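Before any comments, here is the structure.
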Amino acid sequence: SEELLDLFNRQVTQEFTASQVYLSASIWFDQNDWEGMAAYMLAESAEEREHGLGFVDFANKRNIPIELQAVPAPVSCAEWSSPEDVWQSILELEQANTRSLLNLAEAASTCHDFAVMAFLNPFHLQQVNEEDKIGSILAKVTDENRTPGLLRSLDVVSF
Amino acid sequence: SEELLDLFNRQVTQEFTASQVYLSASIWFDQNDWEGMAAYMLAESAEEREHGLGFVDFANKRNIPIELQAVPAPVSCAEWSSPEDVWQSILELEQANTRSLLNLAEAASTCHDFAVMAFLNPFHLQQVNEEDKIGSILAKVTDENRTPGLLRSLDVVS
Amino acid sequence: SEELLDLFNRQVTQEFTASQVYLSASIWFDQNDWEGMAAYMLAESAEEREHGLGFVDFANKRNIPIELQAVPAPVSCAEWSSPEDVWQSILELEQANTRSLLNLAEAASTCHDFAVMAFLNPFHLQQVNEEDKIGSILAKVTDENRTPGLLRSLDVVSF
Amino acid sequence: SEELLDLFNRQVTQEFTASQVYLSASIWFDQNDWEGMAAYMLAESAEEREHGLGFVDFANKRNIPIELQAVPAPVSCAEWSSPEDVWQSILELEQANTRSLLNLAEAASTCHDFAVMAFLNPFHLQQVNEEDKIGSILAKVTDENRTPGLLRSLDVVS
Amino acid sequence: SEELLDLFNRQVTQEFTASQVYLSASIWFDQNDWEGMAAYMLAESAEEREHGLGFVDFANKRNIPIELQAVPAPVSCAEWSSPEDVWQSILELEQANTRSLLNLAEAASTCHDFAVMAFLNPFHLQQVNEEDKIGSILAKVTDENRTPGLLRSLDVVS
């Protein structure tokens with residue numbers, strides 16, 4: 001179906017966009033001396049790109065044509081003031097990645113595309129884990145950051 | 001999706017309930033000198049609990065709120081007088097685990113919960129193997145128990 | 001000895017009950033982003049079940065009849081609003097486990113059940129260790145929570 | 001202490017007595033072509049002797065005077081005409097040994113002999129396991145011998 | 001020599017005295033859920049005893065008569081209400097031990113006891129390291145305890 005091919009193409013763009021946003025978070029963290037949180041964001045950036053490549057590769061095999069779209073400039077970095085701002089932005093990113101996979105799966109289900117739904121399954125489960133990890137880091141960051149200097153202690157140690 | 005959350009919380013209860021029935025089956029076999037069969041039921045009891053912990057872990061990560069319900073006292077163990085009774089009860093238990101997994105999957109499907117459906121898939125297939133395994137053992141048990149003493153050699157060997 | 005057969009049977013129930021309470025504590029910790037405390041409670045839940053099975057196995061061989069009772073829904077969890085609440089409830093549970101083991105031993109003693117008395121010995125010892133370990137964690141949790149965010153710091157370090 | 005010292009000496013004799021009965025059970029099984037059951041009884045005979053020796057050793061260290069009494073000739077072997085009969089005798093042998101271990105423990109408890117009570121603990125636990133094992137074998141022997149030749153078929157599987 | 005022989009005997013007592021104070025410090029830390037600090041004090045208690053023994057051994061070889069005196073009950077533990085107090089007591093304990101090692105060395109120097117001075121050399125150096133270590137820990141304990149719960153957080157990191 002039309003809607004599936006459009007949405008599959010969109011996934012790729014979303015994977016790459018997320019990759020750039022993670023890279024952006026990593027730069028903010030490094031600029032502000034959060035090397036542990038920076039390394040985490042760089043690792044996620046690489047992974048989001050791998051997810052994009054995996055979609056490209058499945059599309060190529062299934063003859064879903066991929067036309068690469070622009071990857072927008074990340075903008076949230078203009079407003080980030082603290083680690084909590086960055087993690088919040090990152091949680092919203094993953095929640096959108098999730099929604100985006102659910103919309104693609106629904107479109108696959110509508111046209112009985114069982115191969116695509118099958119392909120999507122490990123991604124649905126990965127998203128559940130991702131959103132859980134980020135939600136949890138954001139809670140820690142918010143909590144630790146109630147005492148001056150304490151958040152700084154667990155970048156240098158845990159990340 | 002309020003039905004999905006309810007059936008999920010109930011699924012955990014079903015895993016733990018089944019875990020307790022296997023233990024009772026284990027106890028009946030031990031009390032009646034069927035050590036091999038008791039050992040079997042013990043392993044399955046541990047396994048059912050692991051499934052329950054699996055469901056709990058997924059629900060936590062997915063913000064499906066879990067409230068632990070009572071785990072009922074196993075009841076069929078009061079009735080059992082031969083190994084065939086025990087295995088028949090266990091078959092019915094596995095058939096009930098399967099239905100409650102299929103009902104949970106149906107509620108997930110209805111509300112387009114693709115992650116829950118994805119999570120359930122390995123459980124669907126495992127229920128297929130488990131029912132088949134129980135059904136087969138129950139067939140050997142029924143058959144072998146037609147000769148006095150013969151069923152003891154299923155236990156002593158296998 | 002009739003008393004002893006009843007208390008032995010209730011002892012199995014108490015192990016499975018505490019197993020379930022430890023689980024409820026795991027859920028609350030996970031729900032509230034305390035993964036180290038959660039994993040700790042989950043390990044405890046497993047070990048409590050193993051003790052239950054140890055009791056069952058002994059009763060089977062000593063011809064003490066085991067009829068498995070219902071395992072009640074844990075109730076404390078409905079009331080917990082901090083890690084300190086949870087650990088306090090865990091202390092009370094192990095103090096309750098200690099008492100039920102001492103009552104069981106006391107009944108064994110009265111009817112000269114030397115085998116059961118011998119059976120319980122490693123459990124008496126184990127309880128001394130469990131209570132001390134929990135009392136101690138509760139002291140650390142209580143102290144560290146006097147500074148905002150600090151308790152969070154040691155869910156990652158310890159555990 | 002005199003009751004305790006007498007029962008301790010009595011307990012050595014009971015171990016050695018038990019060892020000889022196990023040996024006569026092994027002779028019987030062997031004479032009757034039950035080699036696996038004979039091997040079982042032979043290992044138990046040596047095991048009973050080892051317990052006797054453990055007792056002797058503790059008594060020497062604790063200055064409990066040991067004088068070796070006669071080891072009575074086993075008489076139960078006169079009545080045995082099937083494997084079931086032999087397993088029944090051994091069960092009762094093991095129950096007899098439990099009771100006199102318990103009698104010894106009560107004498108120790110009355111005279112506050114904490115060291116002797118401590119020494120006895122692993123034996124009390126061992127007896128639970130042994131009576132369970134023997135009771136369970138007897139149940140299997142009894143069930144299997146309901147069909148001609150079947151008991152024979154499971155002796156070679158051990 | 002009589003001053004030297006008396007101070008040598010006095011020095012054995014001081015080692016054993018120090019060992020007991022370290023042990024009471026470990027009891028305190030333990031009673032108060034400071035397990036890492038308790039482990040530290042426990043290893044130091046055994047270490048102090050080892051030094052006492054080294055002294056005893058040298059005195060036997062050198063024909064310096066040793067008569068073991070009473071090891072006084074530690075009293076400083078009565079006043080301790082925080083980890084800071086305990087570390088302060090231990091620092092002063094270690095400073096007390098340095099001075100009496102130095103007093104022993106001066107008695108040896110006055111009576112030209114070159115062998116005893118040689119024996120003492122590694123202890124003099126060890127004391128420099130120990131007082132430095134204890135002084136440094138105390139500084140950290142004092143700084144960290146300025147923030148509620150913080151001292152607690154660094155006990156588990158050791």
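Ligands are numbered from 1 in the order shown, chains are lettered A, B, ... in the order of the structure tokens, and residues start at 1 in each chain.
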
Task: Test item: chain E residues at most 12 Å from chain A, counting only C-alpha atoms, as a ChimeraX atom specification - done: /E:147-148,150,153

- [ ] Give me the residues within 12 Å of segment 147-156 of chain A as a PyMOL selection string, counting only C-alpha atoms and dropping any in the same chain fewer than 3 places off.
- [x] (chain A and resi 29-30+32-40+82-84+137-144+159) or (chain C and resi 145-157) or (chain E and resi 147-148+150+153)

Open item on the list: Show me, as a ChimeraX atom specification, every residue of chain B with an atom at most 10 Å from chain D, counting only C-alpha atoms.
Closed with: /B:30-35,147-153,155-157

Task: d(atom CA of residue 44 of chain D, atom CA of residue 108 of chain C) in Å - done: 29.5 Å

Task: Which of segment 10-147 of chain C DSSP labels helix (DSSP H, G or I), written as a PyMOL selection string - done: chain C and resi 10-31+35-61+76-79+83-110+114-144

Open item on the list: Taking 4 positions as the minimum chain separation for residues in the same chain, which residues sit within 8 Å of residue 103 of chain C when counting only C-alpha atoms? Answer as a ChimeraX atom specification.
Closed with: /C:7,99,107

List the spatial neighbours of residue 16 of chain E as a short mmCIF file (atom, residue, chain, number, x, y, z; two decimals) with C-alpha atoms, in the first residue's frame - criterion: any atom at most 8 Å away, only C-alpha atoms, same-chain residues fewer than 2 positions off excluded.
```cif
data_model
loop_
_atom_site.label_atom_id
_atom_site.label_comp_id
_atom_site.auth_asym_id
_atom_site.auth_seq_id
_atom_site.Cartn_x
_atom_site.Cartn_y
_atom_site.Cartn_z
CA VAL E 12 54.72 -5.82 74.20
CA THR E 13 51.84 -4.72 76.53
CA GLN E 14 51.33 -1.53 74.44
CA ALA E 18 46.50 -1.24 70.97
CA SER E 19 45.12 -4.44 69.40
CA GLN E 20 42.19 -4.49 71.90
CA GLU E 48 48.93 -4.84 66.25
CA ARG E 49 48.94 -8.33 67.70
CA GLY E 52 53.40 -7.67 69.76
CA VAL E 71 45.65 -6.42 78.71
#
```

Open item on the list: Please list as a list in words every residue within 12 Å of residue 109 of chain B, counting only C-alpha atoms and excluding residues in the same chain fewer than 4 positions away.
Closed with: residues 105, 106 and 109 of chain A; 1, 3, 4, 102, 103, 104, 105, 113, 114, 115, 116, 117, 118 and 120 of chain B

Suppose we keep N, CA and C atoms; can you now write the selection as a PDB file, in the first residue's frame?
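The resulting result-v8.pdb:
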```pdb
ATOM      1  N   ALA A 105       3.494  -0.121  12.035  1.00  0.00           N
ATOM      2  CA  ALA A 105       2.955  -1.458  12.263  1.00  0.00           C
ATOM      3  C   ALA A 105       1.457  -1.522  11.986  1.00  0.00           C
ATOM      4  N   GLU A 106       0.743  -0.453  12.336  1.00  0.00           N
ATOM      5  CA  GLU A 106      -0.695  -0.365  12.071  1.00  0.00           C
ATOM      6  C   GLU A 106      -0.937  -0.327  10.580  1.00  0.00           C
ATOM      7  N   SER A 109      -0.359  -3.788   9.311  1.00  0.00           N
ATOM      8  CA  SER A 109      -1.496  -4.621   9.685  1.00  0.00           C
ATOM      9  C   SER A 109      -2.729  -4.414   8.795  1.00  0.00           C
TER      10      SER A 109
ATOM     11  N   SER B   1      -7.959  -1.501  26.285  1.00  0.00           N
ATOM     12  CA  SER B   1      -6.633  -1.271  26.944  1.00  0.00           C
ATOM     13  C   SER B   1      -6.705  -1.116  28.460  1.00  0.00           C
ATOM     14  N   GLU B   3      -8.913  -3.279  29.628  1.00  0.00           N
ATOM     15  CA  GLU B   3      -9.080  -4.738  29.609  1.00  0.00           C
ATOM     16  C   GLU B   3      -7.730  -5.428  29.444  1.00  0.00           C
ATOM     17  N   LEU B   4      -6.858  -4.824  28.644  1.00  0.00           N
ATOM     18  CA  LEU B   4      -5.489  -5.303  28.444  1.00  0.00           C
ATOM     19  C   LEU B   4      -4.676  -5.255  29.751  1.00  0.00           C
ATOM     20  N   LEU B 102      -4.111 -16.644  24.996  1.00  0.00           N
ATOM     21  CA  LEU B 102      -4.816 -16.301  23.768  1.00  0.00           C
ATOM     22  C   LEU B 102      -5.814 -15.155  23.975  1.00  0.00           C
ATOM     23  N   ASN B 103      -6.527 -15.165  25.101  1.00  0.00           N
ATOM     24  CA  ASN B 103      -7.394 -14.052  25.484  1.00  0.00           C
ATOM     25  C   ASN B 103      -6.631 -12.757  25.717  1.00  0.00           C
ATOM     26  N   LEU B 104      -5.452 -12.851  26.342  1.00  0.00           N
ATOM     27  CA  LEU B 104      -4.600 -11.673  26.544  1.00  0.00           C
ATOM     28  C   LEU B 104      -4.117 -11.098  25.198  1.00  0.00           C
ATOM     29  N   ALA B 105      -3.693 -11.989  24.300  1.00  0.00           N
ATOM     30  CA  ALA B 105      -3.291 -11.624  22.954  1.00  0.00           C
ATOM     31  C   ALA B 105      -4.432 -10.974  22.172  1.00  0.00           C
ATOM     32  N   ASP B 113      -1.935  -3.179  20.373  1.00  0.00           N
ATOM     33  CA  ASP B 113      -0.762  -3.191  21.225  1.00  0.00           C
ATOM     34  C   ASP B 113       0.260  -4.162  20.647  1.00  0.00           C
ATOM     35  N   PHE B 114       1.102  -3.652  19.742  1.00  0.00           N
ATOM     36  CA  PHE B 114       2.042  -4.460  18.967  1.00  0.00           C
ATOM     37  C   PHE B 114       3.195  -4.977  19.800  1.00  0.00           C
ATOM     38  N   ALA B 115       3.634  -4.196  20.791  1.00  0.00           N
ATOM     39  CA  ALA B 115       4.711  -4.626  21.691  1.00  0.00           C
ATOM     40  C   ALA B 115       4.283  -5.795  22.580  1.00  0.00           C
ATOM     41  N   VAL B 116       3.068  -5.719  23.140  1.00  0.00           N
ATOM     42  CA  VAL B 116       2.500  -6.820  23.923  1.00  0.00           C
ATOM     43  C   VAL B 116       2.366  -8.076  23.048  1.00  0.00           C
ATOM     44  N   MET B 117       1.754  -7.928  21.875  1.00  0.00           N
ATOM     45  CA  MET B 117       1.702  -9.040  20.903  1.00  0.00           C
ATOM     46  C   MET B 117       3.077  -9.656  20.573  1.00  0.00           C
ATOM     47  N   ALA B 118       4.064  -8.808  20.292  1.00  0.00           N
ATOM     48  CA  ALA B 118       5.470  -9.239  20.097  1.00  0.00           C
ATOM     49  C   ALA B 118       6.033  -9.996  21.309  1.00  0.00           C
ATOM     50  N   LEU B 120       4.344 -11.650  23.620  1.00  0.00           N
ATOM     51  CA  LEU B 120       3.589 -12.898  23.791  1.00  0.00           C
ATOM     52  C   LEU B 120       3.987 -14.034  22.833  1.00  0.00           C
TER      53      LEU B 120
END
```

Open item on the list: Please list as a list in words every residue within 9 Å of residue 21 of chain B, counting only C-alpha atoms and excluding residues in the same chain fewer than 2 positions away.
Closed with: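 Contacts, in chain order: residues 16, 17, 18, 19, 23, 24, 25, 26, 41, 45, 73, 74, 75, 76, 77, 90 and 93 of chain B.
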
With only C-alpha atoms as the counted atoms, please give the residues lying no more than 9 Å from residue 9 of chain A, apart from itself and same-chain residues fewer than 2 positions off, as a tab-separated table (two decimals) with N, CA, C and O atoms, in the first residue's frame.
```tsv
chain	number	residue	atom	x	y	z
A	4	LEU	N	1.98	2.52	3.56
A	4	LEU	CA	3.06	1.72	4.10
A	4	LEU	C	4.42	2.16	3.55
A	4	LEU	O	5.35	2.43	4.32
A	5	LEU	N	4.52	2.26	2.22
A	5	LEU	CA	5.75	2.69	1.58
A	5	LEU	C	6.16	4.10	2.05
A	5	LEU	O	7.35	4.34	2.30
A	6	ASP	N	5.20	5.00	2.20
A	6	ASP	CA	5.49	6.33	2.72
A	6	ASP	C	5.98	6.27	4.18
A	6	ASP	O	6.98	6.91	4.53
A	7	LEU	N	5.28	5.50	5.00
A	7	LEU	CA	5.62	5.37	6.42
A	7	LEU	C	6.96	4.65	6.67
A	7	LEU	O	7.66	4.99	7.60
A	11	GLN	N	10.26	6.17	8.49
A	11	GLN	CA	10.97	5.55	9.61
A	11	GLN	C	12.46	5.83	9.52
A	11	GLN	O	13.09	6.17	10.51
A	12	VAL	N	12.98	5.67	8.31
A	12	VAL	CA	14.40	5.82	8.03
A	12	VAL	C	14.83	7.22	8.42
A	12	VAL	O	15.81	7.40	9.14
A	13	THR	N	14.05	8.20	7.95
A	13	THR	CA	14.28	9.61	8.25
A	13	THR	C	14.27	9.86	9.75
A	13	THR	O	15.15	10.55	10.27
A	14	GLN	N	13.28	9.27	10.43
A	14	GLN	CA	13.15	9.37	11.89
A	14	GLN	C	14.35	8.74	12.62
A	14	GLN	O	14.84	9.29	13.59
A	55	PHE	N	16.55	-0.86	8.44
A	55	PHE	CA	15.32	-0.53	7.69
A	55	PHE	C	15.61	-0.35	6.18
A	55	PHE	O	14.88	-0.86	5.35
A	56	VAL	N	16.67	0.38	5.86
A	56	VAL	CA	17.08	0.60	4.48
A	56	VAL	C	17.31	-0.77	3.82
A	56	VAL	O	16.77	-1.07	2.76
A	59	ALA	N	14.04	-2.75	3.39
A	59	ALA	CA	13.36	-2.11	2.25
A	59	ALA	C	13.93	-2.49	0.89
A	59	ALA	O	13.18	-2.79	-0.05
A	64	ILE	N	10.80	-2.05	-1.33
A	64	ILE	CA	10.21	-0.80	-0.85
A	64	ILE	C	11.23	0.29	-1.19
A	64	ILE	O	12.30	0.33	-0.60
A	65	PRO	N	10.94	1.14	-2.20
A	65	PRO	CA	11.97	2.09	-2.62
A	65	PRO	C	12.29	3.12	-1.53
A	65	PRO	O	11.40	3.64	-0.88
A	66	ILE	N	13.58	3.35	-1.32
A	66	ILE	CA	14.03	4.34	-0.37
A	66	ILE	C	14.57	5.53	-1.13
A	66	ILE	O	15.47	5.41	-1.96
A	67	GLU	N	13.96	6.67	-0.87
A	67	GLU	CA	14.46	7.96	-1.28
A	67	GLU	C	14.85	8.67	0.03
A	67	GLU	O	13.99	8.99	0.85
A	68	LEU	N	16.15	8.86	0.24
A	68	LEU	CA	16.66	9.53	1.44
A	68	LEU	C	16.20	10.99	1.51
A	68	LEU	O	16.38	11.74	0.54
A	69	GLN	N	15.56	11.34	2.63
A	69	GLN	CA	15.08	12.69	2.91
A	69	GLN	C	16.20	13.44	3.62
A	69	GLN	O	17.20	12.83	4.05
```

TODO: Find, counting only C-alpha atoms, the residue in C:25, C:10, C:128, C:31 that gets nearest to chain A.
DONE: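 So, comparing all the options, the nearest one is C:31.
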
Task: For atom CA of residue 15 of chain B and atom CA of residue 85 of chain B, the interatomic separation in Å (one decimal) - done: 21.2 Å

Open item on the list: Quick check, in Å to one decimal: how far apart do atom CA of residue 64 of chain D and atom CA of residue 114 of chain C lie?
Closed with: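 If I compute the distance from atom CA of residue 64 of chain D to atom CA of residue 114 of chain C, I get 21.9 Å.
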